[PDB]
file run.cif (mmCIF, C-alpha atoms)
data_my_file
loop_
_atom_site.group_PDB
_atom_site.id
_atom_site.type_symbol
_atom_site.label_atom_id
_atom_site.label_comp_id
_atom_site.auth_asym_id
_atom_site.auth_seq_id
_atom_site.Cartn_x
_atom_site.Cartn_y
_atom_site.Cartn_z
ATOM 1 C CA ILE E 1 78.075 221.306 46.418
ATOM 2 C CA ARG E 2 77.684 223.707 49.330
ATOM 3 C CA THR E 3 79.500 227.040 49.408
ATOM 4 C CA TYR E 4 77.820 228.870 52.310
ATOM 5 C CA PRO E 5 76.741 227.507 55.706
ATOM 6 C CA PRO E 6 73.335 228.056 57.335
ATOM 7 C CA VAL E 7 72.357 230.733 59.851
ATOM 8 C CA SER E 8 71.321 230.038 63.454
ATOM 9 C CA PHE E 9 68.878 232.825 64.406
ATOM 10 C CA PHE E 10 65.749 231.731 62.446
ATOM 11 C CA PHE E 11 64.096 228.828 64.291
ATOM 12 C CA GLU E 12 60.892 227.471 65.860
ATOM 13 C CA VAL E 13 59.545 225.027 68.480
ATOM 14 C CA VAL E 14 56.275 223.043 68.259
ATOM 15 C CA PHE E 15 54.483 221.163 71.078
ATOM 16 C CA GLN E 16 52.661 218.080 69.734
ATOM 17 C CA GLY E 17 50.438 217.924 72.747
ATOM 18 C CA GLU E 18 47.161 218.513 74.557
ATOM 19 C CA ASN E 19 46.171 221.392 72.239
ATOM 20 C CA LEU E 20 49.282 223.561 72.322
ATOM 21 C CA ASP E 21 50.266 223.213 68.654
ATOM 22 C CA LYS E 22 47.733 225.875 67.587
ATOM 23 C CA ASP E 23 48.587 228.513 70.231
ATOM 24 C CA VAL E 24 50.730 231.243 68.669
ATOM 25 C CA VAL E 25 52.486 232.400 71.850
ATOM 26 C CA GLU E 26 53.637 228.831 72.527
ATOM 27 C CA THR E 27 55.980 228.840 69.506
ATOM 28 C CA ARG E 28 57.847 232.112 70.175
ATOM 29 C CA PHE E 29 61.052 231.704 72.179
ATOM 30 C CA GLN E 30 64.099 233.854 72.760
ATOM 31 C CA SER E 31 66.501 230.942 73.146
ATOM 32 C CA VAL E 32 66.647 227.146 72.706
ATOM 33 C CA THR E 33 69.593 224.915 73.640
ATOM 34 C CA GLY E 34 70.549 221.475 74.949
ATOM 35 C CA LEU E 35 70.518 219.234 71.845
ATOM 36 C CA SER E 36 73.537 216.951 72.318
ATOM 37 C CA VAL E 37 74.257 213.240 72.892
ATOM 38 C CA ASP E 38 77.210 211.432 74.508
ATOM 39 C CA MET E 39 78.482 207.838 74.614
ATOM 40 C CA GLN E 40 79.932 206.602 77.920
ATOM 41 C CA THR E 41 82.567 203.852 77.891
ATOM 42 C CA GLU E 42 84.983 201.913 80.110
ATOM 43 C CA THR E 43 88.678 201.077 79.707
ATOM 44 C CA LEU E 44 90.122 197.544 79.659
ATOM 45 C CA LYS E 45 93.831 196.679 79.609
ATOM 46 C CA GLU E 46 95.111 193.470 77.997
ATOM 47 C CA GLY E 47 98.326 191.929 79.278
ATOM 48 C CA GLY E 48 101.105 191.727 76.723
ATOM 49 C CA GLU E 49 99.714 194.496 74.489
ATOM 50 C CA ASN E 50 101.493 197.675 75.573
ATOM 51 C CA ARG E 51 100.694 199.823 72.520
ATOM 52 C CA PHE E 52 97.034 200.602 73.250
ATOM 53 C CA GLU E 53 94.118 199.686 75.498
ATOM 54 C CA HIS E 54 90.541 198.715 74.654
ATOM 55 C CA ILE E 55 87.644 201.180 74.919
ATOM 56 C CA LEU E 56 84.305 199.420 75.419
ATOM 57 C CA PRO E 57 80.872 201.058 74.871
ATOM 58 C CA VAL E 58 78.582 201.180 77.909
ATOM 59 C CA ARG E 59 75.563 203.529 77.656
ATOM 60 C CA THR E 60 74.157 206.709 76.052
ATOM 61 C CA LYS E 61 73.340 210.027 77.766
ATOM 62 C CA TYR E 62 71.401 213.118 76.607
ATOM 63 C CA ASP E 63 71.398 216.755 77.741
ATOM 64 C CA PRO E 64 68.325 218.555 79.135
ATOM 65 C CA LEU E 65 66.452 220.963 76.867
ATOM 66 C CA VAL E 66 66.443 224.647 77.877
ATOM 67 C CA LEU E 67 63.968 227.315 76.685
ATOM 68 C CA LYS E 68 63.966 231.051 77.450
ATOM 69 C CA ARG E 69 61.224 233.665 76.933
ATOM 70 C CA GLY E 70 59.956 236.956 78.178
ATOM 71 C CA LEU E 71 57.394 236.346 80.893
ATOM 72 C CA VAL E 72 53.885 235.401 79.720
ATOM 73 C CA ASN E 73 51.371 235.985 82.498
ATOM 74 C CA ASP E 74 48.786 233.411 81.337
ATOM 75 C CA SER E 75 50.167 230.290 79.665
ATOM 76 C CA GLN E 76 48.621 226.866 79.194
ATOM 77 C CA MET E 77 52.113 225.389 79.021
ATOM 78 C CA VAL E 78 52.964 226.770 82.452
ATOM 79 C CA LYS E 79 49.710 225.305 83.772
ATOM 80 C CA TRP E 80 50.857 221.919 82.446
ATOM 81 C CA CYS E 81 54.255 222.313 84.135
ATOM 82 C CA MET E 82 52.822 223.462 87.470
ATOM 83 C CA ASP E 83 50.333 220.605 87.441
ATOM 84 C CA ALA E 84 53.293 218.254 87.095
ATOM 85 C CA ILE E 85 55.314 219.991 89.808
ATOM 86 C CA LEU E 86 52.726 220.774 92.500
ATOM 87 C CA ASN E 87 50.490 217.683 92.254
ATOM 88 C CA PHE E 88 53.092 215.143 91.211
ATOM 89 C CA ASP E 89 51.005 214.420 88.129
ATOM 90 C CA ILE E 90 53.104 214.061 84.960
ATOM 91 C CA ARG E 91 51.970 213.462 81.358
ATOM 92 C CA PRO E 92 54.903 213.388 78.880
ATOM 93 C CA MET E 93 54.649 214.945 75.403
ATOM 94 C CA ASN E 94 56.390 214.970 72.027
ATOM 95 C CA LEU E 95 58.096 218.036 70.538
ATOM 96 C CA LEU E 96 59.470 219.285 67.233
ATOM 97 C CA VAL E 97 62.447 221.636 66.887
ATOM 98 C CA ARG E 98 62.780 223.339 63.495
ATOM 99 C CA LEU E 99 65.492 225.369 61.804
ATOM 100 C CA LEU E 100 63.964 227.510 59.047
ATOM 101 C CA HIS E 101 65.065 229.152 55.802
ATOM 102 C CA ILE E 102 63.718 230.923 52.710
ATOM 103 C CA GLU E 103 63.062 228.758 49.653
ATOM 104 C CA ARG E 104 62.002 230.075 46.246
ATOM 105 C CA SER E 105 61.181 228.425 42.925
ATOM 106 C CA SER E 106 57.792 233.243 44.510
ATOM 107 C CA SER E 107 59.618 232.778 47.809
ATOM 108 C CA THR E 108 58.280 230.963 50.866
ATOM 109 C CA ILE E 109 59.242 230.157 54.447
ATOM 110 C CA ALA E 110 60.021 226.463 54.826
ATOM 111 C CA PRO E 111 61.690 224.137 57.334
ATOM 112 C CA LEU E 112 65.361 223.382 56.738
ATOM 113 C CA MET E 113 66.042 220.932 59.584
ATOM 114 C CA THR E 114 63.711 219.138 61.985
ATOM 115 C CA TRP E 115 64.304 217.117 65.149
ATOM 116 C CA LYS E 116 61.742 215.000 67.011
ATOM 117 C CA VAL E 117 62.077 215.035 70.812
ATOM 118 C CA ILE E 118 60.318 212.104 72.477
ATOM 119 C CA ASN E 119 58.694 211.930 75.950
ATOM 120 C CA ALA E 120 59.456 215.347 77.422
ATOM 121 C CA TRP E 121 58.308 216.345 80.904
ATOM 122 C CA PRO E 122 59.118 219.262 83.232
ATOM 123 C CA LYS E 123 62.408 219.501 85.108
ATOM 124 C CA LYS E 124 62.920 223.106 86.218
ATOM 125 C CA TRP E 125 61.276 226.541 86.102
ATOM 126 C CA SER E 126 62.763 229.919 87.000
ATOM 127 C CA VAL E 127 62.335 233.701 86.718
ATOM 128 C CA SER E 128 65.080 236.335 86.706
ATOM 129 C CA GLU E 129 66.010 238.702 89.532
ATOM 130 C CA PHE E 130 63.992 241.849 90.253
ATOM 131 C CA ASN E 131 66.290 244.857 90.683
ATOM 132 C CA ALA E 132 65.201 248.454 91.269
ATOM 133 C CA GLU E 133 68.262 249.954 89.557
ATOM 134 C CA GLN E 134 68.573 248.102 86.217
ATOM 135 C CA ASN E 135 66.886 248.260 82.806
ATOM 136 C CA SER E 136 65.879 244.654 82.210
ATOM 137 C CA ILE E 137 63.070 242.382 81.053
ATOM 138 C CA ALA E 138 61.416 239.719 83.174
ATOM 139 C CA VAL E 139 62.725 236.498 81.626
ATOM 140 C CA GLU E 140 61.443 233.016 82.406
ATOM 141 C CA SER E 141 63.371 229.816 81.758
ATOM 142 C CA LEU E 142 62.138 226.227 81.487
ATOM 143 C CA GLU E 143 64.185 223.012 81.492
ATOM 144 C CA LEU E 144 62.876 219.633 80.319
ATOM 145 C CA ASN E 145 63.856 215.960 80.479
ATOM 146 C CA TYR E 146 63.356 213.666 77.494
ATOM 147 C CA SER E 147 64.184 210.164 76.283
ATOM 148 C CA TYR E 148 65.935 210.855 72.967
ATOM 149 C CA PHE E 149 65.794 212.891 69.770
ATOM 150 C CA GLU E 150 65.873 211.924 66.102
ATOM 151 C CA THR E 151 66.201 213.598 62.716
ATOM 152 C CA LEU E 152 62.998 213.777 60.660
ATOM 153 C CA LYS E 153 64.516 212.237 57.547
ATOM 154 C CA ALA I 1 78.622 298.490 91.856
ATOM 155 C CA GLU I 2 77.831 297.157 88.382
ATOM 156 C CA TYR I 3 81.338 296.347 87.149
ATOM 157 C CA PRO I 4 83.257 293.056 87.587
ATOM 158 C CA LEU I 5 86.923 292.544 88.495
ATOM 159 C CA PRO I 6 89.920 291.584 86.297
ATOM 160 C CA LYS I 7 92.485 288.794 86.753
ATOM 161 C CA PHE I 8 95.722 290.667 86.046
ATOM 162 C CA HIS I 9 96.735 291.878 89.557
ATOM 163 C CA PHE I 10 97.481 289.238 92.313
ATOM 164 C CA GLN I 11 100.032 287.889 94.810
ATOM 165 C CA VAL I 12 101.237 284.511 96.127
ATOM 166 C CA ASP I 13 102.859 283.806 99.500
ATOM 167 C CA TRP I 14 104.620 280.419 99.409
ATOM 168 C CA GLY I 15 107.723 280.799 101.580
ATOM 169 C CA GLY I 16 110.105 282.004 98.871
ATOM 170 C CA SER I 17 112.040 285.142 98.022
ATOM 171 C CA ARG I 18 109.794 286.275 95.150
ATOM 172 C CA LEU I 19 106.019 286.776 95.257
ATOM 173 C CA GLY I 20 105.569 287.263 91.505
ATOM 174 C CA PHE I 21 104.298 284.554 89.169
ATOM 175 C CA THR I 22 103.063 284.389 85.600
ATOM 176 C CA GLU I 23 100.278 281.788 85.928
ATOM 177 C CA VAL I 24 98.001 280.464 88.691
ATOM 178 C CA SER I 25 95.499 277.617 88.267
ATOM 179 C CA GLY I 26 93.898 274.582 89.914
ATOM 180 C CA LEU I 27 91.577 276.283 92.361
ATOM 181 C CA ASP I 28 88.621 273.891 92.577
ATOM 182 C CA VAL I 29 86.382 272.096 95.087
ATOM 183 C CA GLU I 30 84.384 268.922 94.312
ATOM 184 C CA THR I 31 81.996 266.527 96.012
ATOM 185 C CA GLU I 32 80.840 263.016 95.080
ATOM 186 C CA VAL I 33 77.283 261.890 94.280
ATOM 187 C CA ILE I 34 75.603 258.684 95.505
ATOM 188 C CA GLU I 35 72.517 257.312 93.715
ATOM 189 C CA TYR I 36 69.720 255.188 95.187
ATOM 190 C CA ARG I 37 66.286 253.784 94.321
ATOM 191 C CA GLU I 38 63.812 251.362 95.957
ATOM 192 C CA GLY I 39 61.480 249.087 93.912
ATOM 193 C CA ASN I 40 58.037 250.649 94.361
ATOM 194 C CA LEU I 41 58.940 254.308 93.842
ATOM 195 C CA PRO I 42 56.474 256.092 91.531
ATOM 196 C CA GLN I 43 59.685 257.688 90.212
ATOM 197 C CA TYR I 44 61.851 255.822 87.708
ATOM 198 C CA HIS I 45 65.034 257.887 88.103
ATOM 199 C CA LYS I 46 67.492 257.593 90.970
ATOM 200 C CA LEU I 47 67.813 259.785 94.074
ATOM 201 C CA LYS I 48 71.031 261.675 94.852
ATOM 202 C CA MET I 49 72.944 262.285 98.075
ATOM 203 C CA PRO I 50 76.286 263.964 98.934
ATOM 204 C CA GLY I 51 79.441 261.888 99.395
ATOM 205 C CA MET I 52 83.169 262.481 99.980
ATOM 206 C CA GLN I 53 85.195 265.531 98.900
ATOM 207 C CA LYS I 54 88.051 265.911 96.398
ATOM 208 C CA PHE I 55 90.628 268.684 95.776
ATOM 209 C CA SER I 56 92.859 269.167 92.731
ATOM 210 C CA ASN I 57 96.569 269.963 92.489
ATOM 211 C CA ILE I 58 98.033 273.453 92.090
ATOM 212 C CA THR I 59 100.124 274.565 89.115
ATOM 213 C CA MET I 60 102.234 277.734 89.069
ATOM 214 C CA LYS I 61 104.630 279.240 86.532
ATOM 215 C CA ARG I 62 107.476 281.774 86.703
ATOM 216 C CA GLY I 63 110.323 283.188 84.612
ATOM 217 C CA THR I 64 113.918 282.212 85.375
ATOM 218 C CA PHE I 65 116.281 284.744 86.973
ATOM 219 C CA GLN I 66 119.948 284.462 87.875
ATOM 220 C CA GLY I 67 120.680 283.301 91.407
ATOM 221 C CA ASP I 68 117.256 281.858 92.237
ATOM 222 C CA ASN I 69 116.917 278.117 92.848
ATOM 223 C CA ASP I 70 114.034 277.818 95.315
ATOM 224 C CA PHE I 71 111.822 275.362 93.411
ATOM 225 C CA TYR I 72 114.509 272.681 93.269
ATOM 226 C CA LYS I 73 115.494 273.234 96.905
ATOM 227 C CA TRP I 74 111.930 272.803 98.152
ATOM 228 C CA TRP I 75 111.443 269.740 95.953
ATOM 229 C CA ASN I 76 114.759 268.261 97.156
ATOM 230 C CA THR I 77 113.746 268.690 100.800
ATOM 231 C CA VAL I 78 112.113 265.256 100.379
ATOM 232 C CA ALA I 79 113.126 262.256 102.493
ATOM 233 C CA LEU I 80 111.761 258.676 102.327
ATOM 234 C CA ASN I 81 108.196 259.729 103.240
ATOM 235 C CA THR I 82 108.876 263.072 104.954
ATOM 236 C CA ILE I 83 109.150 266.575 103.497
ATOM 237 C CA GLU I 84 108.831 270.201 104.579
ATOM 238 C CA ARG I 85 105.178 271.274 104.372
ATOM 239 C CA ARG I 86 104.019 274.877 104.042
ATOM 240 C CA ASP I 87 100.937 277.084 104.243
ATOM 241 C CA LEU I 88 100.162 278.654 100.857
ATOM 242 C CA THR I 89 98.153 281.880 100.565
ATOM 243 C CA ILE I 90 96.980 283.397 97.268
ATOM 244 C CA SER I 91 95.314 286.804 97.138
ATOM 245 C CA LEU I 92 93.501 289.133 94.742
ATOM 246 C CA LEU I 93 94.138 292.900 95.008
ATOM 247 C CA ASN I 94 92.385 296.139 93.948
ATOM 248 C CA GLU I 95 93.746 299.540 92.876
ATOM 249 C CA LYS I 96 95.103 300.599 96.263
ATOM 250 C CA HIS I 97 97.139 297.378 96.336
ATOM 251 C CA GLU I 98 95.090 295.671 98.984
ATOM 252 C CA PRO I 99 93.531 292.160 98.986
ATOM 253 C CA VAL I 100 89.966 291.334 97.884
ATOM 254 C CA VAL I 101 89.645 287.455 97.468
ATOM 255 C CA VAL I 102 91.882 285.028 99.374
ATOM 256 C CA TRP I 103 92.553 281.329 98.783
ATOM 257 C CA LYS I 104 94.041 279.493 101.777
ATOM 258 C CA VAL I 105 95.865 276.194 101.172
ATOM 259 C CA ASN I 106 96.825 273.843 104.021
ATOM 260 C CA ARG I 107 99.920 271.627 104.090
ATOM 261 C CA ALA I 108 101.188 272.094 100.540
ATOM 262 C CA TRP I 109 104.206 270.192 99.195
ATOM 263 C CA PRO I 110 105.593 269.925 95.649
ATOM 264 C CA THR I 111 105.180 266.848 93.465
ATOM 265 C CA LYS I 112 106.642 267.923 90.137
ATOM 266 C CA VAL I 113 109.172 270.466 88.915
ATOM 267 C CA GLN I 114 109.535 271.068 85.182
ATOM 268 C CA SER I 115 112.449 272.976 83.636
ATOM 269 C CA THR I 116 112.602 274.871 80.343
ATOM 270 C CA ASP I 117 112.991 273.935 76.694
ATOM 271 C CA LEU I 118 115.859 275.378 74.593
ATOM 272 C CA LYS I 119 115.451 276.551 71.002
ATOM 273 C CA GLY I 120 118.101 278.480 69.070
ATOM 274 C CA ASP I 121 115.750 280.736 67.105
ATOM 275 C CA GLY I 122 113.454 281.172 70.104
ATOM 276 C CA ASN I 123 112.619 284.783 70.936
ATOM 277 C CA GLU I 124 111.036 283.736 74.236
ATOM 278 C CA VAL I 125 112.156 283.580 77.873
ATOM 279 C CA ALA I 126 112.932 280.524 80.006
ATOM 280 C CA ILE I 127 109.866 279.271 81.902
ATOM 281 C CA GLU I 128 109.930 276.817 84.804
ATOM 282 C CA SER I 129 106.843 275.355 86.466
ATOM 283 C CA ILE I 130 105.750 273.478 89.593
ATOM 284 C CA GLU I 131 102.824 271.281 90.626
ATOM 285 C CA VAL I 132 101.689 271.200 94.266
ATOM 286 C CA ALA I 133 99.633 268.692 96.258
ATOM 287 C CA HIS I 134 97.611 269.854 99.280
ATOM 288 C CA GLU I 135 94.960 268.463 101.640
ATOM 289 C CA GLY I 136 92.304 271.204 101.661
ATOM 290 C CA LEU I 137 91.559 274.686 100.311
ATOM 291 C CA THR I 138 89.331 277.583 101.450
ATOM 292 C CA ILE I 139 87.840 280.726 99.881
ATOM 293 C CA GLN I 140 87.401 284.111 101.593
ATOM 294 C CA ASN I 141 85.607 286.910 99.716
ATOM 295 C CA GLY I 142 85.255 290.078 101.773
#
call {"tool": "encode", "arguments": {"input": "run.cif", "output": "structure tokens"}}
result
Amino acid sequence: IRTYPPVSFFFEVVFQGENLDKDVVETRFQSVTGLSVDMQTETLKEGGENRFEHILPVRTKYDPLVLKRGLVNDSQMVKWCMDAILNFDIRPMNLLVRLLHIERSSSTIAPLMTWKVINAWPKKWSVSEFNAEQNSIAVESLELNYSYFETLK
Amino acid sequence: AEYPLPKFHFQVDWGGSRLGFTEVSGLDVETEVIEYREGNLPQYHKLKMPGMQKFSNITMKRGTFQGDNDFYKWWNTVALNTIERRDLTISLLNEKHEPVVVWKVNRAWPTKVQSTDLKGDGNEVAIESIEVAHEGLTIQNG
């Protein structure tokens, strides 16, 4: 029975794709978010029943996936994205998102939780503001569409 | 010469009956600094340029004598936003009792008047003090 909850800052992302799963710089990210699902419904009122109304299920919606890094000047991933965006040529991929921990029985790094993200393709790309008077890092941000995600049980 | 001057012989002209004081402070002039940098400067630190000016208030102390209530009168000259304003001149003298360094203060008027503390065992005199606001100050040496 659990006594202590897990920690959020040890994680990884894997691209199961063209040949990006073996490229080390393609797994290192500063931030990952957007993993949430929502059910959308409608409301129906029945005459004579004044104590409650009926909520009926309609459809399912998912959030976009957002990744943030320091700027990498030569990236195969960015070539894939810009091929989709400039030449209207898209080729969706599959992804894995992992939450990691230390297991020992000496010790080893092992996955703790894994999600499969199915049919991802580019949505948005951006780079942060250049300012002559601030100490900052050039940070690039990518946003992706996908169909759904599942737990690797 | 090769010898400096002391700070124990001076005089203040403020529009009162007595020119003697025990303490004089708040003589200072300041200017602001503006920083700037463009993107492609081979220099990574900012450039500086002069800005607006700022003057501090004036604080003066004196012992309390019988029959002298000038500080309160000048303070109480105040009306809604009007008040009597004065020209304040502070000087430094030498051994023949003549001036050497002069501070000139335009349009002074008092902002605070502080009375004495009373202690039964106290073997000290009664000291009152005033704080003065003023637009600008000047320095004349020689």
call {"tool": "resolve_selection", "arguments": {"input": "run.cif", "expression": "the PyMOL selection byres ((chain I) within 12 of (chain E))", "output": "ChimeraX atom specification"}}
result
/I:35-47
call {"tool": "write_last_selection", "arguments": {"input": "run.cif", "atoms": "C-alpha atoms", "output": "mmCIF file, keeping the file's coordinate frame"}}
result
data_model
loop_
_atom_site.group_PDB
_atom_site.id
_atom_site.type_symbol
_atom_site.label_atom_id
_atom_site.label_comp_id
_atom_site.auth_asym_id
_atom_site.auth_seq_id
_atom_site.Cartn_x
_atom_site.Cartn_y
_atom_site.Cartn_z
ATOM 1 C CA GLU I 35 72.517 257.312 93.715
ATOM 2 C CA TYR I 36 69.720 255.188 95.187
ATOM 3 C CA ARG I 37 66.286 253.784 94.321
ATOM 4 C CA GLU I 38 63.812 251.362 95.957
ATOM 5 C CA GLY I 39 61.480 249.087 93.912
ATOM 6 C CA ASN I 40 58.037 250.649 94.361
ATOM 7 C CA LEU I 41 58.940 254.308 93.842
ATOM 8 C CA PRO I 42 56.474 256.092 91.531
ATOM 9 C CA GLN I 43 59.685 257.688 90.212
ATOM 10 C CA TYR I 44 61.851 255.822 87.708
ATOM 11 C CA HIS I 45 65.034 257.887 88.103
ATOM 12 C CA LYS I 46 67.492 257.593 90.970
ATOM 13 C CA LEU I 47 67.813 259.785 94.074
#
call {"tool": "residues_around", "arguments": {"input": "run.cif", "residues": "residue E:119", "least_positions_apart": "2", "cutoff": "10 Å", "atoms": "only C-alpha atoms", "output": "PyMOL selection string"}}
result
chain E and resi 91-95+116-117+121+144-149
call {"tool": "residues_near_point", "arguments": {"input": "run.cif", "point": "(102.5, 287.6, 84.9)", "cutoff": "12 Å", "atoms": "all atoms listed in the file", "output": "PDB file with C-alpha atoms, keeping the file's coordinate frame"}}
result
ATOM      1  CA  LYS I   7      92.485 288.794  86.753  1.00  0.00           C
ATOM      2  CA  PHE I   8      95.722 290.667  86.046  1.00  0.00           C
ATOM      3  CA  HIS I   9      96.735 291.878  89.557  1.00  0.00           C
ATOM      4  CA  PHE I  10      97.481 289.238  92.313  1.00  0.00           C
ATOM      5  CA  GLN I  11     100.032 287.889  94.810  1.00  0.00           C
ATOM      6  CA  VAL I  12     101.237 284.511  96.127  1.00  0.00           C
ATOM      7  CA  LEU I  19     106.019 286.776  95.257  1.00  0.00           C
ATOM      8  CA  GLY I  20     105.569 287.263  91.505  1.00  0.00           C
ATOM      9  CA  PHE I  21     104.298 284.554  89.169  1.00  0.00           C
ATOM     10  CA  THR I  22     103.063 284.389  85.600  1.00  0.00           C
ATOM     11  CA  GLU I  23     100.278 281.788  85.928  1.00  0.00           C
ATOM     12  CA  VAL I  24      98.001 280.464  88.691  1.00  0.00           C
ATOM     13  CA  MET I  60     102.234 277.734  89.069  1.00  0.00           C
ATOM     14  CA  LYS I  61     104.630 279.240  86.532  1.00  0.00           C
ATOM     15  CA  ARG I  62     107.476 281.774  86.703  1.00  0.00           C
ATOM     16  CA  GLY I  63     110.323 283.188  84.612  1.00  0.00           C
ATOM     17  CA  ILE I 127     109.866 279.271  81.902  1.00  0.00           C
TER      18      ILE I 127
END
call {"tool": "resolve_selection", "arguments": {"input": "run.cif", "expression": "the PyMOL selection byres ((chain E and resi 127) around 9)", "output": "list in words"}}
result
residues 71, 125, 126, 128, 129, 138, 139, 140 and 141 of chain E
call {"tool": "axis_aligned_box", "arguments": {"input": "run.cif", "around": "stretch 59-69 of chain E", "padding_each_side": "8 Å", "output": "lines of an AutoDock Vina configuration file"}}
result
center_x = 68.4
center_y = 218.6
center_z = 77.6
size_x = 30.3
size_y = 46.1
size_z = 19.1
call {"tool": "atom_distance", "arguments": {"input": "run.cif", "atom1": "atom CA of residue E:1", "atom2": "atom CA of residue E:37"}}
result
27.9 Å
call {"tool": "residues_near_point", "arguments": {"input": "run.cif", "point": "(89.5, 298.9, 91.2)", "cutoff": "10 Å", "atoms": "all atoms listed in the file", "output": "list in words"}}
result
residues 3, 4, 5, 6, 93, 94, 95, 96 and 97 of chain I
call {"tool": "atom_distance", "arguments": {"input": "run.cif", "atom1": "atom CA of residue I:136", "atom2": "atom CA of residue I:106"}}
result
5.7 Å
call {"tool": "residues_around", "arguments": {"input": "run.cif", "residues": "residue E:77", "least_positions_apart": "4", "cutoff": "12 Å", "atoms": "only C-alpha atoms", "output": "ChimeraX atom specification"}}
result
/E:14-21,23-27,72-73,81-84,93,121-122,125,142
call {"tool": "resolve_selection", "arguments": {"input": "run.cif", "expression": "the PyMOL selection byres ((chain I and resi 75) around 8)", "output": "ChimeraX atom specification"}}
result
/I:71-74,76-78,109-113
call {"tool": "closest_residue", "arguments": {"input": "run.cif", "among": "I:115, I:79, I:126, I:91", "to": "residue I:142", "atoms": "all atoms listed in the file"}}
result
I:91
call {"tool": "atom_distance", "arguments": {"input": "run.cif", "atom1": "atom CA of residue I:33", "atom2": "atom CA of residue I:140"}}
result
25.5 Å
call {"tool": "closest_residue", "arguments": {"input": "run.cif", "among": "I:27, I:58, I:52, I:139", "to": "residue I:101", "atoms": "only C-alpha atoms"}}
result
I:139
call {"tool": "closest_residue", "arguments": {"input": "run.cif", "among": "E:69, E:101, E:61, E:51", "to": "residue E:38", "atoms": "all atoms listed in the file"}}
result
E:61
call {"tool": "residues_around", "arguments": {"input": "run.cif", "residues": "residue I:105", "least_positions_apart": "3", "cutoff": "8 Å", "atoms": "only C-alpha atoms", "output": "number ranges by chain"}}
result
I: 87-89, 108, 134-138
call {"tool": "residues_around", "arguments": {"input": "run.cif", "residues": "residue E:143", "least_positions_apart": "2", "cutoff": "6 Å", "atoms": "all atoms listed in the file", "output": "PDB file with C-alpha atoms, in the coordinates of the input"}}
result
ATOM      1  CA  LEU E  65      66.452 220.963  76.867  1.00  0.00           C
ATOM      2  CA  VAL E  66      66.443 224.647  77.877  1.00  0.00           C
ATOM      3  CA  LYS E 123      62.408 219.501  85.108  1.00  0.00           C
ATOM      4  CA  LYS E 124      62.920 223.106  86.218  1.00  0.00           C
TER       5      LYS E 124
END
call {"tool": "closest_residue", "arguments": {"input": "run.cif", "among": "E:57, E:11, E:104, E:87", "to": "residue E:44", "atoms": "all atoms listed in the file"}}
result
E:57
call {"tool": "residues_around", "arguments": {"input": "run.cif", "residues": "residue E:99", "least_positions_apart": "3", "cutoff": "8 Å", "atoms": "all atoms listed in the file", "output": "list in words"}}
result
residues 8, 10, 11, 12, 111, 112, 113 and 114 of chain E
